[PDB]
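Coordinates in review
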Amino acid sequence: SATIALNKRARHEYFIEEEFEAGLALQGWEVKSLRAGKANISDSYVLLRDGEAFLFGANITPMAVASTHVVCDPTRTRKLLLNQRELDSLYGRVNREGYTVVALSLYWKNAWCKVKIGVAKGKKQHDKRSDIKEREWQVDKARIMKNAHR
Amino acid sequence: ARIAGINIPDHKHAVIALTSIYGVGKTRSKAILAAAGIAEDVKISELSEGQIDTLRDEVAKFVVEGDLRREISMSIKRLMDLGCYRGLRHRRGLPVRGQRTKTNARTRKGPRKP
Amino acid sequence: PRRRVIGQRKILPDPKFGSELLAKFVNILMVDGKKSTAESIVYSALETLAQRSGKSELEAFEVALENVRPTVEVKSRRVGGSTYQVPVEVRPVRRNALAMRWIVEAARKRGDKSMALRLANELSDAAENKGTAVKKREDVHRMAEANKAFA
RNA sequence: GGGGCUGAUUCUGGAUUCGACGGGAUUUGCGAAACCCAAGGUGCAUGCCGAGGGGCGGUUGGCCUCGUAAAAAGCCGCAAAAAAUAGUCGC
RNA sequence: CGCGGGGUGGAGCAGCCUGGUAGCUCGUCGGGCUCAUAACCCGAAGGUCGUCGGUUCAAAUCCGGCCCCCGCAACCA
RNA sequence: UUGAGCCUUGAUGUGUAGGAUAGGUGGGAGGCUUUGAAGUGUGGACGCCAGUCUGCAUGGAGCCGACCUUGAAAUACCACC
RNA sequence: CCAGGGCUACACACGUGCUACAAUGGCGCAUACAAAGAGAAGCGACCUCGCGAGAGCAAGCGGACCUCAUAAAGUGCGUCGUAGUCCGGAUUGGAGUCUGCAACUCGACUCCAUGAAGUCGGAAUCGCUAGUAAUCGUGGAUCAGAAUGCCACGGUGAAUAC
């Protein structure tokens, strides 16, 4: 649909449990560049202090230049429009040394920027070998199973 | 039928029939029904007219819903507008009798909508 | 388990007549250790059904259990590659046991007045397979006969 | 250098970022700041002079204080101000 | 300009004709289903038949219209 | 061969009643039967498979029409078909 | 060393508990059955009074005698008739009890009033194959007082393991 660039590599590195559909506030040059205009999403995380959940890693540069006078930087900590129900609970289960909130995908909800955000947990590399083994383990298991019927 | 506060029950036990009004529970209404001279399990249709009207004076002895609904606010006015310790907990949804506010005392705050 | 092939629990006769079937009904409704209270309700389930169906105590259930009793149930013996339920012919010790667990659990369902009344209403229709017992049994056979033979 | 095209999905009127955030208003609990009335308490106090201000200095153009002069509180720089303030990977 | 037909559940297709007693599946929800989902299995839902009149015992049917989708050769102001 | 065209001809059509595979319209109560019957063994036709159409021979000599419940009525017989 | 406060703060996350969401139940009445235990600057009957928590009075006991201590589920009867109800009792106001010099922070409570959340708990997960899970009670340690925690005991009582 109206989906924008998504952090598919985050699923390999993190094993996110719960998701959100919080909206993102953005400037006037951001909206034009959001539909097309080369928005990137890699290494997207958050920098909460009180209620200041910011989409950190989001490289979106103005394709057609619409910047005059004051500065306009392509990478900014864009303010997220978060529900108060979803806000107080992030004083808890994100401060656990490995817990973070990342953005899996970017899209639209009837000409409004709503970003699918999720609370990542992060994989160490010792269990990264197991998951790649497990994905091959599921495929090869039915290969043995099908040989009974050949 | 209707007794002094509103007290309009539907064919229940006469003690539990008196519990439908604020300000008097089951054990207090039995003492109210003690002077009524009626059985506990008789229905409202089985409550005679000569005894329904005598129930209005019995429930008017103890202070009831017609004046007890502001008695809580007066005790609140002794705390909330008087700046007492219980009133500070009363205003912002905190327990006033010393519950463990760190994790528990959820229903004193209200629903966990956030 | 791996090597323990010990025998099952020996079933005592019911304290009204010698019957492993009816005494198993007493021992399946027992909640919080109260079996004497479970004895009264399970006695009123069939004796009222005897006064409802015009039958005896030991025949209003024996012909009822035949409708509830299945023949082949699908165990979920899937290794992980495929979500396959290869069917197993249910053992005769578990054939009535699967039947008896279906109907008493159905008595917990549809709670209107009392468990004595609920089990009686859930047994007369199960005596002619027109209750939740045949709903439970035929739904297994939907998942059983659709997956006939596997190795 | 000139001309044309395009310029947030409506591309010709009815934008309703489902959100803490910035703003106003309403209801609600009432507070010398969200107030005045000397009246209820209530006789010897108030203001300007003099007068010093936590640990240091200063401090409201004015203060917890002083019956004619060296001690006591809010606050400013000083000082108990914390840190891999998402992950993940290394010598 | 006047020749060829069809318009019917949210959808796409039939019953109409050889009159009377409207369905199918796609999309839906209901369940099963399940380390988990799904494959797949069934449960249910929907338009009085484009519209308006007439004929007819009997109109979704048939006939009169009207409207719509078009297709068509026309097209020398 | 393959289709169309028409001749000849059977087949061919139970909203709901209702014994009826009764089409419409319509002339009609005697047709008809041993120039071999009711109704058989059934073949095939058949079909909303309701039950008729229905060869032959045994059967062998009667059956249906107004008649009856039906909106309607009777292929007892037919005409346009 | 001292007095007061704090370790009881809460927009939040998590672990472990008790309580349910009822009619095998709730309520009211009647009624029968154990062991672990513990006690003297303690256990404290009986009786009296208070609706009671408890107070007054006060025997016996450093113990197979005295006391804590009336066992509950169970059974029978009455009552309730499928609701967030006669469920659950949180929150909360008023009046009292004991502990201790003292209970405001901050105790356990009792009496009355209030009446909620919650109508069976996704993904995921544990416990165990017997007197087990489950349930109902009881005592003890700690302790001036103060546990749904810890330890110990008793009653009823499974299912299934191909």
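Residues numbered from 1 in each chain as written, not as in the entry; some residues may be left out. Chains lettered and ligands numbered in written order. Part of a larger assembly, values for the part shown. Heavy atoms only, no water.

- This deposited entry lists cryo-EM as its structure determination method and 3.9 Å as its resolution.

1. Some thoughts on the packing of aromatic side chains
All names here are of chain C.
- Summed over all chains, the structure comprises 3 aromatic pairs over all chains.
- Their ring planes at 65 degrees and their centres at 4.8 Å tell us that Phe 25 and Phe 61 sit as a pair that is edge-to-face. Residue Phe 25 is found in helix α1 (residues 20-26), and its partner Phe 61 is found in helix α3 (residues 59-68); the two are separated by 36 residues along the sequence.
- A relative accessible area of 5% places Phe 25 in the buried class.
- Taking the relative accessible area as the measure of exposure, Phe 61 reaches 6% and is therefore buried.
- Measuring from centroid to centroid gives 4.4 Å for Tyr 84 and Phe 150, while their planes differ by 50 degrees, and the two rings are tilted. With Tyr 84 in the loop between β1 (72-74) and β2 (87-89) and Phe 150 in the segment after α6 (132-145), this residue pair connects regions lying 66 residues apart in the sequence. (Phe/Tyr/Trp six-rings, centres within 6.5 Å; stacked < 30°, edge-to-face > 60°. Helix = DSSP H or I, 4+ residues; strand = E, 2+ residues; numbered from the N terminus. Buried < 20%, exposed > 50% of the residue type's maximum accessible area, 1.4 Å probe, protein only.)

2. Some thoughts on the environment of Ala 144 of chain C
- Structurally, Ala 144 of chain C is set in helix α6.
- Setting aside residues no more than four positions away along its own chain, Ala 144 of chain C makes contact with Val 72, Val 74 and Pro 87 of chain C. (Contact = heavy atoms within 4.5 Å.)

3. Examining the protein's contact with RNA strand E
All names here are of chain C.
- Close contacts around RNA strand E come from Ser 76, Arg 78, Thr 83, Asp 139, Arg 142 and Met 143, and that covers them all.
- Backbone atoms, meaning sugar and phosphate, form 47% of the atoms of RNA strand E found within 4 Å of the protein.
- Here a base nitrogen of RNA strand E sits 3.2 Å away from a polar atom, N or O, in the side chain of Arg 78.
- Between RNA strand E and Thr 83, the relevant distance is 3.0 Å, taken from a base oxygen to a side-chain nitrogen or oxygen of the residue.
- Its residues assigned to classes, the surface near RNA strand E comprises 1 nonpolar, 2 polar and 3 charged. (Near = heavy atom within 4 Å. Polar contact = N/O pair within 3.5 Å; in protein donor to acceptor, adjacent residues only side chain to side chain. Nonpolar A, V, L, I, M, F, W, Y, C, P; charged D, E, K, R; others polar.)

4. Considerations on the layout of surface pockets
- By volume, the largest pocket amounts to about 470 Å³.
- Along its surface, the largest pocket is lined by 16 residues, and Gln 8, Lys 24, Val 93, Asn 96 and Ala 97 of chain C are the ones closest to its centre.
- Here the lining of the largest pocket gets 7 residues from one element, more than from any other, and that element is helix α4 (residues 92-108) of chain C.
- When its residues are assigned to classes, the lining of the largest pocket shows 7 nonpolar, 2 polar and 7 charged.
- The volume enclosed by the second largest pocket comes to roughly 250 Å³.
- As for the second largest pocket, its lining consists of 15 residues, of which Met 145 of chain A together with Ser 82, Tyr 84, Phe 150 and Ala 151 of chain C are closest to the centre. (1 Å grid on protein atoms, 1.4 Å probe; cavity = no way out; pocket = protein on both sides within 12 Å on 5 of 7 lines; lining within 4 Å. Points joined across faces, edges and corners; volume = space filled by probe spheres on them.)

5. Side note on the protein's contact with RNA strand G
- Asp 88 of chain A, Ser 75 and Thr 101 of chain B together with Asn 27 and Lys 113 of chain C are the nearest of the 62 residues found near RNA strand G.
- Counting only the atoms of RNA strand G within 4 Å of the protein, the fraction contributed by sugar and phosphate is 73%.
- Note that a sugar or linking oxygen of RNA strand G is positioned 2.5 Å from one of the side-chain N or O atoms of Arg 96 of chain A.
- Between RNA strand G and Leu 29 of chain C, the relevant distance is 2.9 Å, taken from a base oxygen to a main-chain nitrogen or oxygen of the residue.
- With 5 residues, helix α2 (residues 35-53) of chain C is the largest single contributor of residues to the surface near RNA strand G.
- Grouping the amino acids of the surface near RNA strand G by side-chain chemistry returns 18 nonpolar, 19 polar and 25 charged.

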